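Colleague: Pasting a structure here, questions to come.
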Number of protein chains: 12
Amino acid sequence: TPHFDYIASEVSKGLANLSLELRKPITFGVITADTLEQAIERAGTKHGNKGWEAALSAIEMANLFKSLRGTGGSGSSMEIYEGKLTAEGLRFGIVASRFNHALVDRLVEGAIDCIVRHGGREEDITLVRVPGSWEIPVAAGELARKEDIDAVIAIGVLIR
Amino acid sequence: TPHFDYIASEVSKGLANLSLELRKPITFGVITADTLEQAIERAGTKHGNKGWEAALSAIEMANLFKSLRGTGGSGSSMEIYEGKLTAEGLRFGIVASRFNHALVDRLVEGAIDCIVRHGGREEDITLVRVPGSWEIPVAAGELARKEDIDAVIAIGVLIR
Amino acid sequence: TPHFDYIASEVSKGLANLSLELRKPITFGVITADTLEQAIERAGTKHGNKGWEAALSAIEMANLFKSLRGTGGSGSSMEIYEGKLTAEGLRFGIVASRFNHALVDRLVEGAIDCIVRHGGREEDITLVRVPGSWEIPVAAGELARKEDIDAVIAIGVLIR
Amino acid sequence: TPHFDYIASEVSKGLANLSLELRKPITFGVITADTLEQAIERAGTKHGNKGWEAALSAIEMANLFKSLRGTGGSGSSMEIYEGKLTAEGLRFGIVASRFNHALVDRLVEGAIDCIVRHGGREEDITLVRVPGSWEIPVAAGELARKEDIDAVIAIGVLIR
Amino acid sequence: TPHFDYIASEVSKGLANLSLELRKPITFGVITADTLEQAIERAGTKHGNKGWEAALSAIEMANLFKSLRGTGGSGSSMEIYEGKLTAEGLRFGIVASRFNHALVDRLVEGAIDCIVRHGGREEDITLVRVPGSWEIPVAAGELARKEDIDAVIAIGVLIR
Amino acid sequence: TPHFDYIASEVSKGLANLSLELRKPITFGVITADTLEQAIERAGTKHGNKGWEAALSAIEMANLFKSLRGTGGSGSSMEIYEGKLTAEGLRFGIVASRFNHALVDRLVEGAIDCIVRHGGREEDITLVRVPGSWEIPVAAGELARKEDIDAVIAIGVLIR
Amino acid sequence: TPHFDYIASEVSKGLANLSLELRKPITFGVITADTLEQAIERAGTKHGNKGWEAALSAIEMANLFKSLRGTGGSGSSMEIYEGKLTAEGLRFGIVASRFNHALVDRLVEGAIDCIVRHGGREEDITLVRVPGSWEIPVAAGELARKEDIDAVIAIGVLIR
Amino acid sequence: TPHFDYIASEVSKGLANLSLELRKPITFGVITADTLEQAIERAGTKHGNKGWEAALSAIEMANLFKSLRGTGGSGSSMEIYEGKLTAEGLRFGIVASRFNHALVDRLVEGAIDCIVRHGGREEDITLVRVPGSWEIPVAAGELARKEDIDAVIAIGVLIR
Amino acid sequence: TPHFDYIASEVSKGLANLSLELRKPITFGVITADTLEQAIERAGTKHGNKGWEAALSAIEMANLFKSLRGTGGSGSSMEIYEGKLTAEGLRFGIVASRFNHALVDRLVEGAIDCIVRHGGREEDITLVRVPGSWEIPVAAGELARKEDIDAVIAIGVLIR
Amino acid sequence: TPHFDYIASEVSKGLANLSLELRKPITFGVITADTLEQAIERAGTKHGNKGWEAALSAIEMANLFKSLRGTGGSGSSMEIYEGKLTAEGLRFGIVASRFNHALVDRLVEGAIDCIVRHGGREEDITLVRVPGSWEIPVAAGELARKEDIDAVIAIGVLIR
Amino acid sequence: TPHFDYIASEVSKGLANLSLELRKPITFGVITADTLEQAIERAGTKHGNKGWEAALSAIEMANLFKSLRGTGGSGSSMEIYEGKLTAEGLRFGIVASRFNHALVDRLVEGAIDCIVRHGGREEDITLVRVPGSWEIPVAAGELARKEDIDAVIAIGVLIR
Amino acid sequence: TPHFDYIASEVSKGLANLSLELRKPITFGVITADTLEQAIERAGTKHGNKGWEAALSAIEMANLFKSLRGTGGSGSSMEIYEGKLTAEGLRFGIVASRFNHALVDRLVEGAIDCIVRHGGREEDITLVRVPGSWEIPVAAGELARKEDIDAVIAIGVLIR
């Protein structure tokens, strides 16, 4: 049914505009699959875990923004900016939906595992749960406005 | 005819932007079906009632936002935010269209039934009717700006 | 040709955003047909007149907004807001395109007929003509900003 | 390739939003064809010249806006606003792309021919050239902000 | 999978809006291919290098904007504005993604080669790397706000 | 039936010879279609209005003949003669048939609209109606012989 | 559509009768093609330029008529009359239509090139432009009646 | 017909031998297409302009030869020779054929545009025209022997 | 049989090298057809006369070379060299083969006709006949070395 | 096998260049057939003898060159040079290969028969035999450099 | 397209003649493939690296020529000349094109790797870059004429 | 692949030109086969040995050239020149490639066997080895210039 298309378009558009308005990194960890088999593939099976990948992107972006707003350094040569993959000292927020929870809970486990084994603390993670993917952008807007949050990770599953 | 696509795109886009601008929950209770049979399925028959589901999402989001803006509590561990399913003390607004009223009136009945049996009062419900789905976003904007409204529910039916 | 899609997307999007920004009703009276036969059907023939329907929606919305911004009344029960279908005292603006004028002039006749027989005056109607559908949103923006206009009706014909 | 779709969507969307923000007429003179033969048809051959048509729309819109912001006149009857097709005293800007220049230069010739034979002067035309269609909206934004420009004409060719 | 469409739509839309808001040139150097073979074709092989083309567009736009904001000159004739292809004295920023790095690094080489052989210095190039195409718009927003950057080049590869 | 061919041949031949004998411009505004759908296309719909086009040709020819019979001017270079598109001061005659009046009246409206918006007066238009296309040439001969008529426009519809 | 046949028949017939009545050479430089590809072939491509050929015929005919009306000479043998291909001292008029101008302007360039490189002057060429092929015969009649014109060249493009 | 093969073989062979004998750069800007559509593609349309590309090659080769015959410099490392893309101070000759002039004139425009916008002067360009591609090599031999010419550009169109 | 290919390759190659060695124009007037019908087409019938075309090329090249070796003139602008089509004062040589003489004699007639009617004298034409196409290059070498010959025309017919 | 092509190309090319370098006639009497039957046809059977034809060409060319280098004569009219078919006083050389000698010896007989019956002497014929067609050009070079040889005849047979 | 054939023929022919004229080794390291897949196969993948092979041939030829021009030695037996594969003391030049640089840079790496690991120095390698394969022969001619160069390596990629 | 054609064309062309320039016999002993089976057939199997055949041709040519440059003798009759098949006193050079050495070494054995059994000495044979067929012509040029070499034999194998 066409119900799939309109929800997917608005969730992706909402998160993108929000990141530019607040000038803070927000990572897209939402699965958009045509079949149930395709979704299981990406939820901790032969095609990996999308929750793990989204967390890794957030860590890099947080370090990159710390570098851009610093001194930068270097001189007499091309300046190159890049982000490390160390999570020590960073604080993260996660927004997850409850629909298709059999798959979503696998993605949330991956995101937490990535942060901890790269040097982060569970005490620095804030987790917010919403009833559906439609409510992710408005909930993400509340976390992104907090001063002590470095990046936000959005997780959900949509099946056509 | 392509008339279906343009109306559906603008209604979904309008409600999404409105929720982010006013920072208030708005739930998507609009059916978008390809055939008449598919619409009857979701209007109180073998595939459930979409009006009931939209009301349940609104109740949860209202409680969640009450929790985020409070003290929060907890410490020395991962903070988790979630919303209960009790409607005592909450105030709701509903916007419904008149086209395909044979189906829409079934969705409005479900939304009211959900609120009352979860502990709400009919005195706390405000209902606004508009001639069509195109007029839902502008009407929803008037309710969302009232200080004594906690969440808004949008209901409509579109058939290709 | 794909020329049809881009014009249709921008006209619908422009009018929708304009209504939310100015918080005034704007009705969508634009035909979007795949064949010439489908267009004649909706221009005063076996499938009705879209110009008549758009005017009827404008009258209802104007009365509804008068009711929301008033006292409202009622008490100890569910508040219900709805609009009458009387046009006495209301002032309307119309924006119409010149392309496919053989069909557009039938839609403009229907809109004027609806307003007059529901109790309106021709003296209270302002009509603006533009060369094409692409120019409708910018022209509609000038009328919507006038203080003595209650609603705007947009009329046009697009054929793939 | 899908490269065609994304460029076409952004160019049309950019020009539409720009016209509403600055409240000035901007005309869409961009060809969007599926085949090379379809493009030659509309570049000064059996299906006319799109550059000529875009210039004619600009002249009408400029006169219409002069009329709306004037006294208006009339009374005791329905007010009708329309634009003449005389270009005496008007000042125009043109933005043209360089890709597919074998066709684009035919469209620019048509636009200049239309303005001159309707009573305009070549001294009142400002022409800006950009490397591609993607750069049209940003260049059009510089011309539209000048106080002595009445309307802007955008010209380009895209082939799937 | 539909994952390709939503990412491509948001990246193109984000860059377009950013250029209009900041009124600075931003060039679209992102490949959007249906097959791996189509991508290799445009990454330094029989169909050229898209990184080279994007850099050439940036140089022209930078010179054009220098000309518009200057005196302009000329008189008693049609004013024509155009940009040279000399890069002496200009300063450029580049944002590149890490996904499909086997192809992306070919595009970055082309962009640097174009700038140097047209008269630019490597000391005037700032390069920022991001984990994926989704993060390009937010990173591009940081460079575009610097006062000593004349234009920004965005590079990435997406394969359906 | 072959009835279509003989009428069409004689009407076109009659008007052509008449223009050469009297040395005055006469424009061919007669539709010759194979199907009813083809005729509606050219009578104010997706393929334009033939009545508008015929009037535009008459205006140009009238100005051109005023220029040829004047001084001409210029020297030491190639002489070029062309006609403007201003209708101020010109006087026009129109001959229209009554068969297929549902379509013919759309063409007559277009011709009058073109003349007025290019600067002409309705007081300077003479309209003659004949029962059929066969009678157009003899009626056109009476108007063309008047001293105060600058050009004649012939309008009709023939369907095989 | 049969519209092509009637216009083509009248234009060819008009020019032929005009040449016999005034006893002056008139050359037929009008393309009559069934497809767009056939027209491009004869407008300066693999099948030559019809504008060049028409000018060459005019030069020969002008010299031939100068020879017939002279002494003739010769005796006691068969008299043979023929025309040279030198354009020194001759004066030419050209009538060209504006429809399908993308092709017509190529034919006019060829005609001027032929005259100049055979020894003629641009100062001796008079160029008249008309809105369409239907108006060519009446315009050609004005030039042919001038005493200082030796031959007339008619140029146009018609596509079925 | 086999006429295409023999002309193409001799033109390419002639230019190649000439460049080696005189030890001066000569660039191959001749289109060799199987169909008319393929030729239009490369004459300023979706596949670019071959005249522009040939001029760019000439500029690079001229700078490279200036570098080889100079000091060279560098030491204790691999010597690398390359040419810049600045045209300041260079002098160019162009040889163009007249057959298929509708396409050839587009290629000549591109070559001149490239030279001027890279810093060259029109005063430093010498243009020679020949009746056909067969005559290009002998004409190119006269320009290449002049002492004040740095490179030669050959332009033509051949269609099988 | 393959006999056709080897003769055609050597005749074309021989004439091309000869023109470069002696630096004198030589024109290729040899028909290379696959069928007898194709040859008759080009020997004075619906596809013209190749002997006429070859003579016209020789006249232009002779005038061009007279211009290059002269003063040239012009200044402060782009120098353009081109050849007139006047044959007064020029001297020509012709080499023709005897095989397929039924067709060759038609080509020789055309070449002589072209020269005389453009202003040349028959007294200035030298005609040499050889038994076959294989012997054309060696015979052409004797004429090209004479000081009082301006250009050479080669004529022959080969059929596969 | 492709062995046939390379030998045939080099033998024909070698003889052609040799004739131009030494400025002496050399005739091509080599059969190039696809099948054995085709070769027997041309070796003294229903399609004639190629050895006879090559000798006849040599006789004509020898007389022609005697005429060109003489006085020439004639005046006040077109000069025509041609060769007789008398062999009295001429001296000839023949180079023949040994491969396929069953056919080659028939060709050598024909060449000698032609010379004798046209008035030549066997005492004036020099015959050189080589092992194969590849060795013909080098052997022909030794004969052509002798002062008392007027023309050379090359004979061989190649079968694919 | 046939463009591939003519470029390939001239590049191979140019290098071959150059080696014989200067009597110095030149190696053919140019890939000529029908498909992109075939080219990747030979650019450092399952079918090896053509750049490595060309360098190995150059080393052997350089040693062989050193041996031929020396004493030679040996006696009373068959003399055999052969080249070692040691690169100590030799000096090499490389000419490489820029088109299809994604593949060409792999070939240049292989050539340098071969020379160094066989005992050569990077200080003894001269590298020249040209815009395309057409320019390789003229650039190779400049290196081959230097006294301190032992062999030249030509590298390029052409794809049909 | 087309790689086969270009190498084969240049090797055959190089050897042919070399023989004419130095006026010394050079024999073509290179196999050009389409399949591996065809090559084994000609390398000492059912279709003979090409190395043996090439040596036999060299012996004959060496004796023939000794006869031409001698007295010649004979008189009062047709002079006939031919070569014996005795190798006593003659000196030979051989150039062989290393690619496909499994087959090439069979051809070299045949060439040596032919010379010895016809009366030659192994002491009079000089053998030069090159890495590939491309290097044969340049190596053959060094041997052919030695005064004490009577003929050269070229051996190689190419497989499509």
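We name chains A, B, ... following the order of the structure tokens; residues begin at 1 in each chain, and ligands are numbered from 1 as shown.
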Any idea which chain D residues end up within 9 Å of chain C if we count only C-alpha atoms, as a PyMOL selection string please?

Modeller: chain D and resi 8-9+12-13+16-17+19-20+23-28+31-34+56-57+60-61+64-65+68+75-83

Colleague: Please run DSSP on the backbone and report, as JSON, numbers by chain, all residues within chain E that come out as helix (DSSP H, G or I).

Modeller: {"E": [3, 4, 5, 6, 7, 8, 9, 10, 11, 12, 13, 14, 15, 16, 17, 18, 19, 20, 21, 22, 36, 37, 38, 39, 40, 41, 50, 51, 52, 53, 54, 55, 56, 57, 58, 59, 60, 61, 62, 63, 64, 65, 66, 67, 68, 101, 102, 103, 104, 105, 106, 107, 108, 109, 110, 111, 112, 113, 114, 115, 116, 117, 122, 123, 124, 133, 134, 135, 136, 137, 138, 139, 140, 141, 142, 143, 144]}

Colleague: Tell me, in Å to one decimal, how far atom CA of residue 104 of chain A is from atom CA of residue 140 of chain A.

Modeller: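 Going from atom CA of residue 104 of chain A over to atom CA of residue 140 of chain A, I get 16.8 Å.
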
Colleague: Please provide as a ChimeraX atom specification all residues within 12 Å of residue 45 of chain E, with the sequence filter that same-chain residues fewer than 6 positions apart are discarded (counting only C-alpha atoms).

Modeller: /E:37-39,51,103,106-107,110 /K:35-37,39-40,98-105,157-159

Colleague: Export N, CA, C and O atoms of the chosen residues as an mmCIF file, in the first residue's frame?

Modeller:
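Saved result, selection_30.cif, follows:
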data_model
loop_
_atom_site.group_PDB
_atom_site.id
_atom_site.type_symbol
_atom_site.label_atom_id
_atom_site.label_comp_id
_atom_site.auth_asym_id
_atom_site.auth_seq_id
_atom_site.Cartn_x
_atom_site.Cartn_y
_atom_site.Cartn_z
ATOM 1 N N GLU E 37 28.954 -0.621 -13.023
ATOM 2 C CA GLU E 37 29.615 -0.264 -14.275
ATOM 3 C C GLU E 37 29.390 1.203 -14.616
ATOM 4 O O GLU E 37 30.313 1.893 -15.062
ATOM 5 N N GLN E 38 28.166 1.697 -14.417
ATOM 6 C CA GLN E 38 27.886 3.102 -14.696
ATOM 7 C C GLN E 38 28.720 4.025 -13.818
ATOM 8 O O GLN E 38 29.080 5.127 -14.246
ATOM 9 N N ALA E 39 29.030 3.603 -12.591
ATOM 10 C CA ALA E 39 29.806 4.453 -11.693
ATOM 11 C C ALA E 39 31.267 4.524 -12.119
ATOM 12 O O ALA E 39 31.875 5.600 -12.089
ATOM 13 N N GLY E 51 34.446 14.727 -10.627
ATOM 14 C CA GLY E 51 35.149 15.613 -9.715
ATOM 15 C C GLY E 51 35.802 16.778 -10.430
ATOM 16 O O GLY E 51 35.815 17.901 -9.923
ATOM 17 N N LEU E 103 36.241 4.637 -5.419
ATOM 18 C CA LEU E 103 35.837 5.560 -6.473
ATOM 19 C C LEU E 103 35.961 7.017 -6.035
ATOM 20 O O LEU E 103 36.334 7.877 -6.839
ATOM 21 N N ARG E 106 39.257 8.843 -6.537
ATOM 22 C CA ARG E 106 39.523 9.278 -7.904
ATOM 23 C C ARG E 106 38.894 10.638 -8.181
ATOM 24 O O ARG E 106 39.474 11.452 -8.906
ATOM 25 N N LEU E 107 37.714 10.900 -7.615
ATOM 26 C CA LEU E 107 37.054 12.180 -7.841
ATOM 27 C C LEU E 107 37.783 13.313 -7.127
ATOM 28 O O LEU E 107 37.876 14.426 -7.657
ATOM 29 N N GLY E 110 40.795 14.433 -9.141
ATOM 30 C CA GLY E 110 40.443 15.274 -10.271
ATOM 31 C C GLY E 110 40.168 16.711 -9.873
ATOM 32 O O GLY E 110 40.587 17.647 -10.556
ATOM 33 N N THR K 35 35.927 -3.516 -24.710
ATOM 34 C CA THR K 35 35.015 -3.277 -23.598
ATOM 35 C C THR K 35 35.808 -2.809 -22.386
ATOM 36 O O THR K 35 37.020 -3.013 -22.293
ATOM 37 N N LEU K 36 35.098 -2.173 -21.452
ATOM 38 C CA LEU K 36 35.740 -1.704 -20.228
ATOM 39 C C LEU K 36 36.291 -2.868 -19.415
ATOM 40 O O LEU K 36 37.362 -2.759 -18.806
ATOM 41 N N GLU K 37 35.573 -3.992 -19.391
ATOM 42 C CA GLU K 37 36.038 -5.149 -18.632
ATOM 43 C C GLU K 37 37.371 -5.658 -19.164
ATOM 44 O O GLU K 37 38.264 -6.012 -18.387
ATOM 45 N N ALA K 39 39.675 -3.950 -20.494
ATOM 46 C CA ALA K 39 40.745 -3.021 -20.138
ATOM 47 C C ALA K 39 41.190 -3.211 -18.694
ATOM 48 O O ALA K 39 42.391 -3.185 -18.401
ATOM 49 N N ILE K 40 40.239 -3.398 -17.775
ATOM 50 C CA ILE K 40 40.596 -3.616 -16.375
ATOM 51 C C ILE K 40 41.396 -4.903 -16.228
ATOM 52 O O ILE K 40 42.251 -5.025 -15.341
ATOM 53 N N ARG K 98 46.616 11.296 -20.493
ATOM 54 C CA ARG K 98 45.759 11.611 -19.354
ATOM 55 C C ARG K 98 44.343 11.070 -19.480
ATOM 56 O O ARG K 98 43.620 11.051 -18.479
ATOM 57 N N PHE K 99 43.916 10.645 -20.664
ATOM 58 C CA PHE K 99 42.563 10.130 -20.821
ATOM 59 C C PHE K 99 42.474 8.727 -20.236
ATOM 60 O O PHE K 99 43.398 7.920 -20.376
ATOM 61 N N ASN K 100 41.351 8.437 -19.576
ATOM 62 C CA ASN K 100 41.192 7.206 -18.801
ATOM 63 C C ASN K 100 42.287 7.088 -17.744
ATOM 64 O O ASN K 100 42.936 6.050 -17.610
ATOM 65 N N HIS K 101 42.495 8.165 -16.980
ATOM 66 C CA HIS K 101 43.615 8.200 -16.047
ATOM 67 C C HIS K 101 43.451 7.192 -14.915
ATOM 68 O O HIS K 101 44.438 6.809 -14.281
ATOM 69 N N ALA K 102 42.222 6.752 -14.641
ATOM 70 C CA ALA K 102 42.030 5.749 -13.601
ATOM 71 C C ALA K 102 42.776 4.461 -13.924
ATOM 72 O O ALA K 102 43.183 3.735 -13.012
ATOM 73 N N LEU K 103 42.962 4.162 -15.211
ATOM 74 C CA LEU K 103 43.690 2.976 -15.644
ATOM 75 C C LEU K 103 45.145 3.290 -15.983
ATOM 76 O O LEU K 103 46.035 2.479 -15.708
ATOM 77 N N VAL K 104 45.401 4.460 -16.574
ATOM 78 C CA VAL K 104 46.750 4.786 -17.033
ATOM 79 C C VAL K 104 47.719 4.860 -15.862
ATOM 80 O O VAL K 104 48.864 4.402 -15.958
ATOM 81 N N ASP K 105 47.287 5.438 -14.741
ATOM 82 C CA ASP K 105 48.173 5.553 -13.588
ATOM 83 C C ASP K 105 48.576 4.200 -13.021
ATOM 84 O O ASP K 105 49.624 4.103 -12.376
ATOM 85 N N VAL K 157 45.561 4.155 -23.063
ATOM 86 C CA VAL K 157 44.394 3.279 -23.021
ATOM 87 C C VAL K 157 43.359 3.800 -24.011
ATOM 88 O O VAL K 157 42.986 4.976 -23.957
ATOM 89 N N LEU K 158 42.901 2.928 -24.907
ATOM 90 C CA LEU K 158 41.826 3.232 -25.843
ATOM 91 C C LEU K 158 40.744 2.167 -25.727
ATOM 92 O O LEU K 158 41.045 0.970 -25.739
ATOM 93 N N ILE K 159 39.490 2.604 -25.624
ATOM 94 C CA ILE K 159 38.347 1.709 -25.477
ATOM 95 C C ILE K 159 37.340 2.041 -26.569
ATOM 96 O O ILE K 159 36.973 3.207 -26.747
#
